[PDB]
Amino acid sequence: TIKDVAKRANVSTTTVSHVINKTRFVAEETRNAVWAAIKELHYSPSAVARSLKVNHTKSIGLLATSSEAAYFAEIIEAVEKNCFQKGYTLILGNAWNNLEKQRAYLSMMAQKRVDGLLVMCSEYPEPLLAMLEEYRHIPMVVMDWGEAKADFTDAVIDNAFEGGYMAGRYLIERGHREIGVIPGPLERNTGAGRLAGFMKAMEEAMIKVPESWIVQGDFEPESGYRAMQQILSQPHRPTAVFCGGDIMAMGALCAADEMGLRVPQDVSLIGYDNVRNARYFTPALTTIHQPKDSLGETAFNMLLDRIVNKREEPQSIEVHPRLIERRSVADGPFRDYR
């Protein structure tokens, strides 16, 4: 088809290619004539052919977990903005935490020859770290670890522990001493790490968390629902709760209401993530905000770098969570006494 264009125009394909890519000077007349043809012939230059030669697809592949979850979804929309602006094409793939599913997309990706790879897998067992490393040659960044699990990749780090700590500290300073917590999955950073950040503040204050007050969640609203319930469904209940993710908080909130308990009036609740629409939770949710957009833009960037400036050394950038006060928390019993 470039051949076809060359001929309607009566110049060499070499010519046509030069004008289409402004890669060498071409007389106006010639240049026009080309476009002329380019047009009527209705030509779409082939990226496949092109990549075949120049050696890069100008496309990036996101090997994610899932994409419906608010959290994830916001991150993804961000990464996409960035590919778009720097000319990349996004290939989105959800592995749902399945090794097989993962071994597959990974390979499909390599085969399609993505210029780099963004990794958001949530949980990383040895088996997965292992496949990951077989692709060390394709440049890549992990957007969701706490520390840097490997040497063959870039890492953007969230400081999830200091998020955890901030959350607890707020409750503490608000008068609270009987706190419960519904962490998310311990096999995830945003799961374990937020918890532990919360747990230090507790020890620090000599607050002890009765095991019957800690109930695992899985980031989904339903998990929050059941965990709330189980908490408030007992003789002795805390006055405040730290919930590992906004969406689950949202479920925690529904149950409180269902049991006719008032928030924050009967139970205070603090979440985490600061999802796009936690302000419209009822009540407006007080939570820890995760820089979602910078987590994304920051990831795209270390990758480009590696890609463009051909970097070989691993790198890591920290990002920082911060408290957003809204209306789901009220002073606790000890406020006045400090």
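The first residue of the shown sequence is 1; numbering continues from there.
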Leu186 not built in a third or more of the other entries: yes
Mean temperature factor over C-alpha atoms, higher-scoring stretch between 163-171 and 145-153: 145-153
Stretch with the greater mean C-alpha B-factor as recorded in the entry, comparing 281-289 against 30-38: 30-38
Highest recorded Cα temperature factor - choice among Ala73, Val241, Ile247, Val209: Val209
Out of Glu80, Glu203, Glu187, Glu178, residue topping the C-alpha B-factor column of the entry: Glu187
Lowest, middle or highest third - CA B-factor, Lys86: middle
Record-listed C-alpha B factor of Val308: chain third: highest
Where the record places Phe219 (Cα B-factor, split into thirds across the chain): lowest
For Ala69, the third of its chain into which the C-alpha B factor falls: lowest
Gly193 - Cα temperature factor, lowest/middle/highest third of chain: lowest
